[PDB]
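J.:
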Amino acid sequence: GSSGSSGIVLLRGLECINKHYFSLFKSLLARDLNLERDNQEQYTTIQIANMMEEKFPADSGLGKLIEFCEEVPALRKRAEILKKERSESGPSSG
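Just so it is clear: in the sequence shown, position 40 is 40 by the entry's author numbering, and no numbers are missing.
As structure tokens, then:
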């Protein structure tokens, strides 16, 4: 077995998934980000990324996305992988 492949980024959380699933993410945020009604496809992980950066400076979308993956069984495997990166000094356990 080879090693490496440690090039993950809090932003890659989007590029990771296939455009297919991505479309859904934009829909769930359409309300928050206030995306278009029929022009949600013309957008790109980029334009959407920056939007989240300012909007949700907490995770910059990382979080909002992680969830979108949890709901899906084919993304749940990644959701857990993303979270690990999200947290830094442990969450706020209360």
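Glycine residues also receive a C-beta, built at the ideal position from the N, C-alpha and C atoms.
With DSSP collapsed to three states, give me the class of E88.
T.: In the structure shown, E88 sits in coil (DSSP, three-state: anything other than H, G, I, E or B).
J.: Which residue's Cα is closest to the Cα of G7: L35, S89, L82, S87?
T.: Answer by Cα proximity: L82.
J.: Mark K84 as exposed unless 16 or more other C-beta atoms lie within 10 angstroms of its C-beta, in which case mark it buried.
T.: That one is exposed.
J.: Confirm the yes/no value for this check: CB of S89, any heavy atom of the ligand SAH, distance under 7 Å.
T.: As presented, the structure is devoid of all ligands, the ligand SAH included, so that no description of it is given.
J.: Suppose the cutoff is 7 Å on Cβ atoms and the five residues either side in sequence are ignored; what does the same chain contact list for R76 look like?
T.: Closer than 7 Å at the Cβ level, and outside the excluded window around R76, lie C69, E70.
J.: Please determine, among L62, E41, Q40, the residue with the shortest C-alpha to C-alpha distance to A49.
T.: With distances taken between Cα atoms, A49 lies closest to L62.
J.: How long is the line joining the alpha carbons of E54 and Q47, rounded to whole angstroms?
T.: Using only the alpha carbons, I get a separation of about 12 Å.
J.: Classify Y43 as helix, strand or coil using the three-state DSSP reduction.
T.: It is coil, neither helix nor strand.
J.: I need the straight-line Cα distance from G13 to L28, nearest angstrom please.
T.: Each residue's Cα considered, the two are about 16 Å apart.
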